[PDB]
Structure formats: C-alpha cells, structure tokens
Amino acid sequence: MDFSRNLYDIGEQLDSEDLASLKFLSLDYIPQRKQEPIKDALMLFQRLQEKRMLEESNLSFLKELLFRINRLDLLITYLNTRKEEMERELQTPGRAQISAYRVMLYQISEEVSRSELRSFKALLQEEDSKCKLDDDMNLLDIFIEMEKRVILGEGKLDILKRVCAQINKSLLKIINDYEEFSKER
C-alpha cells in the first residue's frame, strides 16, 4: 500500500469534468480564487495534504469527494471502498465534511440535463442582470458566478428556487429537502 503512488494513480483516472467537480466540492476549504494553479487532480490532493485534510491515516475526505462525484469505480479499485459503506458513513451525523449546501448545489448540477441548463441560463437572465453568463458555462460555473454576485449562498436561495421551480420539480425537491434538514439542524 503505497499512499503517494495511490494518489497519483487515482489522479490519472480522473478527467477534466471530475477535476472541475472536485474543485467545486472543495470550495469551502480551498477558496475559489486559490484553485487556479490546481491543474490536475494530484495537485488538488496535494493542497488537501497541505491542509491536513488528506493523509495516509486520514482518507475520509478523499473518499467523500470520490463518492459525491460518483467515481464508485475508483473507490473500489484504489480504496477498496463500497457504495454501501459510504452511504452508511455519510448518513451518520457529523461524518460528512462537505457542507450540505455545497452537496445540494452539486446534486442539482448532476440532475440538470443539457436542455435544462439552457433553460437555467435563460430563466436566470429574467431574474438577474448582475451575472456574466455565456453558452459555454456549465451549471457549476453559473453557481460560482451567482455566488460572486452574492445572489446565491447559504440561506440565500430565493433566486435559485425561482429558477429551478420553472425547470423541474426534481430540482426544487433537492433544494426543499436540504432546507428542511438545515432548519432542523
């Protein structure tokens, strides 16, 4: 069990989409403007090592990240970890290290189709003029922009709900389920 080699091996299997997803899911530990020099997954893992979030004896955050981005394949191959274990662990109060808010936004981005993404842009433009949007941006990029313009955040979900309600009930459900548990605390 060579820890450094394993991190490299995992990183080699992660693609550009995975990197962007992992960066998003790491936002409340590695701020948005500090992610620029992070060019591959191993560099992300090394930043997490520097922050003592990832160590030979501390794999929980790496496992949580890989689970949330649905790389169950890499969890099996490189970390001998099953979906069943992760569901049990992350359902235990206090175990998850990614905020429920950040997971909620990521889960919206997983659910949204290509056509729904076009609708999101169009509907957001009706609700807001502060965001700089373009057709190349994915939904995570849109969320980052909404956060930059302070129209999205924890406890600032009005615009997100107004847009999602017009796209698909499935999205509003994700938000409402998150809100209910959050207020429950």
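The first residue of the shown sequence is 1; numbering continues from there.
Judged by mean Cα B factor in the deposited record, 24-32 ranks above the other of 24-32 and 139-147. A summary of the deposited B-factors shows that, of 64-72 and 34-42, the stretch with the larger mean C-alpha value is 34-42. For the set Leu54, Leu133, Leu123, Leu152, the maximum C-alpha B-factor listed in the entry falls on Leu133. In this PDB entry, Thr92 carries a Cα temperature factor that places it within the highest third of its chain's modelled residues. Sorting the modelled residues of the chain by their CA temperature factor places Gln13 in the middle third.
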